[PDB]
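Scroll down for the structure; my scribbles are underneath it.
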Amino acid sequence: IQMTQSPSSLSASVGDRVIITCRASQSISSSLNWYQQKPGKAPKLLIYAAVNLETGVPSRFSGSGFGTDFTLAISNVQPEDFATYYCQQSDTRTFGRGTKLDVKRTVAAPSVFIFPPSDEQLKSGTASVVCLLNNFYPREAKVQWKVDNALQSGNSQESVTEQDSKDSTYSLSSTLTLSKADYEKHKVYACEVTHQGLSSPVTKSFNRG
Amino acid sequence: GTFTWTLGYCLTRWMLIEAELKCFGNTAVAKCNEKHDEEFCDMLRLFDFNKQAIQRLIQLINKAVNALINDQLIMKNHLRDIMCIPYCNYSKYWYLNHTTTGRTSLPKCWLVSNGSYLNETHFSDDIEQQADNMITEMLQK
Amino acid sequence: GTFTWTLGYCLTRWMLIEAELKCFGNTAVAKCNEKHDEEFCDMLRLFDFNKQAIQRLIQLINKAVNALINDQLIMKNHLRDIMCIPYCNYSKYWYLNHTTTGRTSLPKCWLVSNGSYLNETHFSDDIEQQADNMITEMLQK
Amino acid sequence: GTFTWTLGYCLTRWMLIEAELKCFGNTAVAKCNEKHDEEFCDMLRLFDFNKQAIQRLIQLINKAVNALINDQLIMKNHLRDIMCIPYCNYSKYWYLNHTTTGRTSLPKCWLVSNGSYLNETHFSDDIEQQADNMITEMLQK
Amino acid sequence: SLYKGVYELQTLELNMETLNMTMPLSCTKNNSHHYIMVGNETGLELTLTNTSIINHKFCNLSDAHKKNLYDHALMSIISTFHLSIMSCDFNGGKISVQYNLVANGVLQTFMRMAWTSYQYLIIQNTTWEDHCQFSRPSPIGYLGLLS
Amino acid sequence: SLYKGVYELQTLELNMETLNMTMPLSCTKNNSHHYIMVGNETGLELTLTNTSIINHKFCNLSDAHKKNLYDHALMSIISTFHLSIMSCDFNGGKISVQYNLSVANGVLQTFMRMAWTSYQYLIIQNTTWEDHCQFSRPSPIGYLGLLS
Amino acid sequence: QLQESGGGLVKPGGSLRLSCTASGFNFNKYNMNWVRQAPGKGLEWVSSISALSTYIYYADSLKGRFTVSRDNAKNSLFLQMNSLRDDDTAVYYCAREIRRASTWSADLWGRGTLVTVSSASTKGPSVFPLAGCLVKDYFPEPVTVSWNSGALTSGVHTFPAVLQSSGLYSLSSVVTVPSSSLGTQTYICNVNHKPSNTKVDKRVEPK
Ligand SMILES: *[C@@H]1O[C@H](CO)[C@@H](O[C@@H]2O[C@H](CO)[C@@H](O[C@@H]3O[C@H](CO)[C@@H](O)[C@H](O[C@H]4O[C@H](CO)[C@@H](O)[C@H](O)[C@@H]4O[C@H]4O[C@H](CO)[C@@H](O)[C@H](O)[C@@H]4O[C@H]4O[C@H](CO)[C@@H](O)[C@H](O)[C@@H]4O)[C@@H]3O)[C@H](O)[C@H]2NC(C)=O)[C@H](O)[C@H]1NC(C)=O
Ligand SMILES: *[C@@H]1O[C@H](CO)[C@@H](O[C@@H]2O[C@H](CO)[C@@H](O[C@@H]3O[C@H](CO)[C@@H](O)[C@H](O[C@H]4O[C@H](CO)[C@@H](O)[C@H](O)[C@@H]4O[C@H]4O[C@H](CO)[C@@H](O)[C@H](O)[C@@H]4O)[C@@H]3O)[C@H](O)[C@H]2NC(C)=O)[C@H](O)[C@H]1NC(C)=O
Ligand SMILES: *[C@@H]1O[C@H](CO)[C@@H](O[C@@H]2O[C@H](CO)[C@@H](O[C@@H]3O[C@H](CO[C@H]4O[C@H](CO)[C@@H](O)[C@H](O)[C@@H]4O)[C@@H](O)[C@H](O[C@H]4O[C@H](CO)[C@@H](O)[C@H](O)[C@@H]4O)[C@@H]3O)[C@H](O)[C@H]2NC(C)=O)[C@H](O)[C@H]1NC(C)=O
Ligand SMILES: *[C@@H]1O[C@H](CO)[C@@H](O[C@@H]2O[C@H](CO)[C@@H](O[C@@H]3O[C@H](CO)[C@@H](O)[C@H](O)[C@@H]3O)[C@H](O)[C@H]2NC(C)=O)[C@H](O)[C@H]1NC(C)=O
Ligand SMILES: *[C@@H]1O[C@H](CO)[C@@H](O[C@@H]2O[C@H](CO)[C@@H](O)[C@H](O)[C@H]2NC(C)=O)[C@H](O)[C@H]1NC(C)=O
Ligand SMILES: *[C@@H]1O[C@H](CO)[C@@H](O[C@@H]2O[C@H](CO)[C@@H](O)[C@H](O)[C@H]2NC(C)=O)[C@H](O)[C@H]1NC(C)=O
Ligand SMILES: *[C@@H]1O[C@H](CO)[C@@H](O[C@@H]2O[C@H](CO)[C@@H](O)[C@H](O)[C@H]2NC(C)=O)[C@H](O)[C@H]1NC(C)=O
Ligand SMILES: *[C@@H]1O[C@H](CO)[C@@H](O)[C@H](O)[C@H]1NC(C)=O
Ligand SMILES: *[C@@H]1O[C@H](CO)[C@@H](O)[C@H](O)[C@H]1NC(C)=O
Ligand SMILES: *[C@@H]1O[C@H](CO)[C@@H](O)[C@H](O)[C@H]1NC(C)=O
Ligand SMILES: *[C@@H]1O[C@H](CO)[C@@H](O)[C@H](O)[C@H]1NC(C)=O
Ligand SMILES: *[C@@H]1O[C@H](CO)[C@@H](O)[C@H](O)[C@H]1NC(C)=O
Ligand SMILES: *[C@@H]1O[C@H](CO)[C@@H](O)[C@H](O)[C@H]1NC(C)=O
Ligand SMILES: *[C@@H]1O[C@H](CO)[C@@H](O)[C@H](O)[C@H]1NC(C)=O
Ligand SMILES: *[C@@H]1O[C@H](CO)[C@@H](O)[C@H](O)[C@H]1NC(C)=O
Ligand SMILES: *[C@@H]1O[C@H](CO)[C@@H](O)[C@H](O)[C@H]1NC(C)=O
Ligand SMILES: *[C@@H]1O[C@H](CO)[C@@H](O)[C@H](O)[C@H]1NC(C)=O
């Protein structure tokens with residue numbers, strides 16, 4: 001038995017109502033537990049028996065459903081209710097994919113940079129290029145790499161920061177590491193950024209040997 | 260003596286296996302006050318007694341056992357077990373539904389023999405009997 | 260508790286004294302299911318239990341005595357004997373017959389008083405009452 | 260088991286408190302041979318047993341207690357006393373009386389809680405139900 | 060106030076002293092005293108007290124039965140109370164029974194019959228007096244305890 | 060398959076585990092083990108075995124009740140067991164009871193009544227609660243019948 | 003409370019043991035289970051054990067490598083792993099399970115311990131200027160990055176450390192600044208690493 005959780009990450013601000021769904025292929029009757037976990041902390045129950053409520057938990061959490069469908073509902077989200085939610089079947093003891101909850105904000109454009117490797121890195125025989133994205137929203141943003149005219153290196157590493165304490169925004173880093181053999185025999189290097197609020201894809205390019 | 264505990278009784282999802290909400294009419298449950306050879310009423314009485322005991326408060337069941345159930349029904353089922361006749365495991369029940377109107381019948385025990393439930397054809401006669409009773413009832417009013 | 264054994278019952282020539290087969294309808298025997306003061310039904314239950322016991326197999337009756345009979349009926353007859361009132365020793369039963377139709381009644385005991393019977397005139401009210409009940413029942417249907 | 264004593278019962282002035290002559294019909298008292306959760310019928314049976322024993326004769337009540345009453349009724353009332361629900365001590369009874377017709381209803385017990393009786397409005401549902409039962413019974417015939 | 064416009068609620072109360080010859084009647088004077096009466100001349104008293112009257116652990120019930128100098132009904136009620144759940156003295160035809168508190186069962190059957216900082220429970224024999232002040236006489240307690 | 064053209068047959072099952080607070084519940088793991096659970100943290104095990112755990116034939120009950128260090132419900136169940144029909156050990160609060168079947185007929189009759215034989219002994223012991231019910235579902239009917 | 007221990011660094015293919023001790027309840031009467039969490043992913047259930055160690059249930063994929071047991075006398079719960087693989091680094095939690103509504107639910111979680119399996123030794127952090148401050152090829156996970164020993168605190172964005180194929184960590188640190196201040200002050204990135212004592216104050220040359 002495998003559970004499917006929807007959606008992967010929904011967005012809603014304080015005061016709005018939020019709905020999360022855990023669905024199962026078979027009929028598990030009424031055997032489902034809802035957990036909430038904060039970053040770097042052990043989880044805690046919110047719902048047991050798929051409809052009841054754990055003691056010490058606020059009354060804005062409602063569990064419902066039967067058979068193959070189950071739903072968690074939060075009516076008025078407080079600032080201390082942004083975390084990761086898990087649905088666990090209590091017979092096979094299996095967890096779900098996980099749903100993340102984040103604050104709401106008006107679409108904000110990212111700031112895309114580009115800069116070349118350093119000095120001693122070239123002497124090191126392996127140089128890395130990373131083009132920074134700073135202060136953007138939402139999380140969904142796509143990055144691509146172009147070498148010379150147009151190509152795909154295929155080995156790039158991406159990192160994203162957490163929600164800012166004050167403005168609640170994101171920063172994205174995309175590192176591409178290559179030995180000097182590949183870097184010496186090419187001319188143009190560009191990184192392409194695409195976002196929800198960006199009308200057209202944006203390229204940032206440099207020219208080196 | 261005779262059972263004395265008194266009861277639209279409705280069964281919640283914590284009292285059933287693979288079911289959410291099954292419950293019956295007042296006419297059907299009224300028979301639980303004037304019948305001596307039915308288990309379903311005894312189980313309903315045990316459920317009710319447990320409910321009041323937990324929401325109002334094992335010696336209680338020691339001194340209250342005879343006011344809820346009928347021991348001779350247990351003894352009869354034990355004797356039918358000894359002499360190899362179908363008996364009641366005291367878990368499964370069957371009833372008629374009448375989807376068009378919604379009126380049902382009081383559940384009756386599902387018999388057990390040789391470690392398995394009896395097939396529906398092995399006691400189907402009883403079913404028609406019950407149907408007959410129901411039709412007479414809906415022909416009485 | 261309450262008797263739990265369940266039963277057109279026909280009595281063979283080995284169950285009677287100086288009489289061939291004698292038996293009744295379904296309606297008359299159906300009263301034995303819901304009735305608590307009747308010696309005839311207790312005797313019928315004992316006969317049936319003995320039948321299955323011998324065809325399907334004294335400690336059995338030690339543990340099955342109360343699922344067939346009603347001890348308070350025995351004690352009531354004993355008390356009526358002590359205080360000099362007519363009582364029943366479970367030997368003779370009288371019933372009505374409808375010769376033209378064939379319908380009968382449920383047999384009731386023939387009481388005794390100091391080694392005799394009541395000469396059919398000491399309970400002539402009961403016979404008339406039973407006839408009235410039968411005529412009401414047959415006119416109702 | 261079940262009670263076996265058999266009773277227009279009329280109550281003399283020495284069985285009542287502040288009353289001369291109160292008594293009922295045959296239809297109302299006929300129910301005492303069928304019901305299993307009535308205290309008035311048990312009290313009637315005790316009265317009749319005492320009357321029939323004084324004029325023909334404490335081990336008698338020791339060996340005849342179960343042929344008259346239903347111990348499970350006493351047990352039920354004891355449990356209701358422990359669990360703090362209104363109970364009956366077999367002292368006061370209420371019944372409905374049709375003034376013009378003269379017909380009545382079988383008396384039911386008047387419960388007690390916290391050392392005093394109820395308000396006569398704490399069980400108006402029971403009175404309405406009894407009135408509905410009487411009106412249905414009289415309109416049936 | 061008439062119900063449904065045709066029915067009038069009425070009431071009645073039952074007197075149970077007419078049963079004095081056949082069945083025992085019990086009634087409560089106050090919370091500390093209970094009384095059972097057999098007939099019109101003899102009965103037993105049930106006392107919840109803090110004082111002792113006998114100091115010995117013996118109970119020669121068999122000897123008292125063998126001596127055959129007692130009251131039949133009183134001893135029958137004592138025996139049924141004892142079995143339904153101890154110091155004894157029955158010399159000279161007397162009836163004195165002492166319970167030193183076991184305590185839970187004695188108190189439960191006392192509550193069942195008569196339906215705690217007190218130390219002892221004493222059972223003794225008395226004559227008949229108009230003791231009932233709180234509860235009317237009724238035989239239900241002994242009938243329930245019997246079966 | 061609908062009966063008489065207007066009626067259909069339907070089934071339901073009952074869950075007796077909500078009765079855990081008031082009534083003891085019994086179930087059979089396999090043909091050799093039986094378990095009666097009181098509440099949610101303690102029970103009693105009935106074992107048919109060919110091993111001996113107690114050698115002496117003594118059995119003292121007055122001292123065990125006088126020590127007043129035991130579980131009331133467990134003693135109540137073992138008492139209503141061994142009066143409805153024997154080496155004993157209760158030191159340290161334990162409950163170990165040994166029946167030397169190979183008297184036996186009545187003990188096995190009560191065992192069959194509850195759990196409704216080439217085994218030498220029958221042992222009654224105390225255990226904590228575990229998910230043991232495999233062959234039969236938990237139900238209070240055995241103890242209810244044994245009571246009366 | 004539930005206190006867990008045994009985490010740390012173990013070579014691939016080794017044998018490892020974790021312990022969870024409880025204090026505050028009856029250790030004898032409760033089913034207890036082990037749950038795992040991978041870095042950046044969802045939760046995962048390792049195993050479950052009953053009270054008297056009669057019913058032991060195991061993960062479908064983890065069977066044959068994990069052995070769980072408990073000591074009721076010392077109120078302890080031990081887990082043993084053999085033939086570890088590289089993707090067995092994670093956070094381990096010992097949870098207490100309770101049965102209610104005919105259902106198992108975990109009502110108390112421990113603090114959780116970290117276990118890391120890798121084939122690497124202690125390597126110093128290589129610091130490079132990004133004109147920005149890049150730290151590359153340092154094995155232990157924690158490392159400290161600052162601007163002039165905490166002098167600058169506006170727009171200091173750090174990024175989560177990542178694993179490259181070599182098995183050594185790397186991260187970056189950036190900052191925002193208007194146009195003028197580029198040609199005014201030369202800035203220094205402070206990178207601190209304890210398990211090899213490297214406190215490097217590397218200078219950046221604007222270009
Ligand atoms: C009326 O008469 C009928 C006919 O004789 C009687 O019905 C029988 O009742 C039996 C008792 O329930 C029943 O046996 C069961 O059969 C099912 C299906 O084969 C089986 O799964 C059951 O075993 C599980 O459940 C019991 C419940 O206590 C557990 O004790 C047992 O250890 C098993 O537990 C596993 O499954 C549970 C549910 O999935 C889990 O909660 C539990 O943790 C454990 O999980 C393991 O298995 C999972 C699935 O493989 C796995 O994912 C997980 O990781 C674990 O490894 C039990 O044997 C008979 O089938 C039934 N016969 C019928 C209906 O014909 C009935 O008793 C009578 N009524 C009375 C006497 O009142
Ligand atoms: C069921 O529960 C209900 C609810 O509690 C019970 O109802 C109460 O019953 C008691 C029974 O005693 C009753 O108490 C009486 O109240 C009377 C009116 O207040 C009192 O006058 C009476 O005391 C007199 O009678 C005693 C009888 O022995 C005398 O001993 C006593 O001295 C009192 O004074 C005179 O008594 C007679 C005259 O009657 C005279 O000959 C004497 O010489 C003396 O001069 C009782 O205390 C309560 O009033 C009832 N409560 C209510 C609200 O009605 C009911 O009894 C319970 N049923 C059973 C079977 O137990
Ligand atoms: C052993 O037996 C006991 C009792 O039979 C079982 O415990 C009961 O379990 C049921 C369901 O698991 C409980 O019913 C639910 O109670 C919820 C909380 O109300 C209670 O809260 C406290 C306990 O925390 C009690 O003290 C209090 O008196 C209340 O009774 C209710 O919220 C539930 O009602 C509704 O909740 C949601 C709300 O959205 C609805 O959507 C649901 O549909 C639901 O109807 C529900 O009534 C019951 O309270 C428990 N009783 C006790 C005494 O604890 C054990 O589960 C059982 N053991 C095992 C292993 O099965
Ligand atoms: C059957 O019942 C017996 C009696 O209670 C159980 O044995 C007892 O189990 C308790 C555990 O709750 C033990 O208590 C512990 O004792 C140690 C002694 O040093 C103490 O340090 C602990 O803090 C705790 O109090 C008790 O000693 C033990 N008694 C004996 C004589 O063994 C037994 O466990 C029960 N059976 C099962 C299966 O649980
Ligand atoms: C108990 O009641 C009986 C009635 O049966 C009393 O016996 C009668 O008492 C009167 C007293 O005047 C005598 O005249 C009668 O001859 C007695 N009848 C008998 C003995 O059969 C008895 O006295 C009463 N007891 C008490 C203590 O008053
Ligand atoms: C309790 O019973 C004893 C034994 O009968 C009573 O003692 C006797 O009472 C009668 C009463 O007529 C006297 O004639 C005897 O002389 C008494 N004998 C002794 C040895 O005392 C005693 O009176 C009864 N209790 C009460 C309160 O009457
Ligand atoms: C048996 O059930 C009781 C509750 O009926 C459990 O006791 C409670 O457990 C919860 C766990 O969340 C605690 O918060 C409560 O404080 C406990 N006590 C009460 C009075 O509710 C008990 O743990 C259960 N037994 C077992 C072995 O799980
Ligand atoms: C009878 O059938 C109706 C129609 O589907 C259904 O709603 C009802 O629940 C059934 N009766 C019972 C007791 O389930
Ligand atoms: C009733 O009378 C008819 C007519 O003789 C007879 O055939 C029948 O057997 C009688 N019934 C009984 C029970 O004897
Ligand atoms: C009912 O009321 C009438 C007066 O209309 C009265 O004669 C009769 O005795 C009453 N019945 C009872 C049982 O009190
Ligand atoms: C109702 O009962 C109460 C006792 O709880 C009593 O004080 C009151 O007088 C009664 N009648 C009314 C009208 O409240
Ligand atoms: C009950 O009444 C008796 C009468 O003598 C008295 O001695 C006793 O103290 C009373 N009980 C209480 C608790 O006051
Ligand atoms: C009653 O108990 C007290 C102290 O427990 C003791 O002194 C006294 O002798 C006991 N009396 C009897 C009759 O047992
Ligand atoms: C009897 O003793 C107890 C405890 O010593 C005390 O609380 C109680 O008040 C005493 N009885 C009386 C009537 O004072
Ligand atoms: C029943 O299961 C237990 C589980 O340990 C086992 O020891 C025992 O041998 C089994 N009984 C039989 C008859 O196999
Ligand atoms: C049980 O019976 C066997 C028979 O050989 C005997 O050896 C053993 O001592 C007995 N155990 C007792 C009496 O406790
Ligand atoms: C236990 O002993 C009996 C001796 O009568 C034997 O028949 C039986 O096979 C033994 N049990 C097992 C599991 O072999």
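Chains as they are written, first to last, in the deposited numbering: chain L, 1 to 209; chain c, 260 to 266, 277 to 326, 334 to 417; chain b, 260 to 266, 277 to 326, 334 to 417; chain a, 260 to 266, 277 to 326, 334 to 417; chain A, 60 to 144, 153 to 168, 183 to 196, 215 to 246; chain C, 60 to 144, 153 to 169, 183 to 196, 215 to 246; chain H, 3 to 133, 147 to 222.
Note that CB positions come from ideal geometry on N, CA and C, so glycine has one too.
- In the three-state reduction of the DSSP assignment, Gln152 of chain L falls in the coil class.
- In the three-state DSSP reduction, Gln232 of chain A falls in the coil class, being neither helix nor strand.
- The three-state reading of DSSP puts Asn207 of chain H in strand, counting E and B together.
- Spatial neighbours of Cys231 of chain C in its own chain (CB-CB distance under 6 Å, excluding positions within 5 residues in sequence) are listed in chain order as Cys86.
- Proximity of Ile334 of chain c to chain C, defined by a Cβ-Cβ separation below 8 Å, is satisfied.
- If you compare the alpha carbons of L:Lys123, L:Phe95, L:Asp102 with that of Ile1 of chain L, the shortest gap goes to L:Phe95.
- As a beta-bridge residue in DSSP terms, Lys291 of chain a pairs with a:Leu280.
- Where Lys320 of chain b is concerned, the enclosing alpha helix (DSSP H) starts and stops at 308–324.
- Sorting b:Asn319, b:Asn373, b:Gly260 by C-alpha distance to the C-alpha of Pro383 of chain b places b:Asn373 at the top.
- The Cβ atoms of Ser211 of chain H and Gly126 of chain H sit closer than 8 Å to each other.
- Your pair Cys364 of chain c and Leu394 of chain c does not check out as a contact, with CB atoms roughly 11 Å apart and the cut at 8 Å.
- Here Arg113 of chain H carries a coil assignment [DSSP, helix/strand/coil].
- Counting only Cβ-Cβ distances below 8 Å, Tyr62 of chain C has contacts in chain c at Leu372, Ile403, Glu404, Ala407, in chain order.
- With three or more CB-CB distances shorter than 8 Å, the region 125–139 of chain L counts as touching the region 189–207 of chain L.
- Under the criterion of beta carbons closer than 8 Å, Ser154 of chain C and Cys118 of chain C qualify as touching, at roughly 6 Å.
- L:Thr203 is the residue among L:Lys104, L:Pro39, L:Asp16, L:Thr203 whose C-alpha sits nearest the C-alpha of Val143 of chain L.
- Bounds of any alpha helix (DSSP H) do not take in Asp73 of chain H; it lies within the beta strand (DSSP E) bounded by 68–73.
- Each of A:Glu100, A:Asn79, A:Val187, A:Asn114 was checked against the Cα of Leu220 of chain A, and the nearest Cα belongs to A:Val187.
- Taking C-beta separations shorter than 8 Å and ignoring five residues to either side along the sequence, the partners of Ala61 of chain H in its chain run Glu46, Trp47, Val48, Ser49, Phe68, following chain order.
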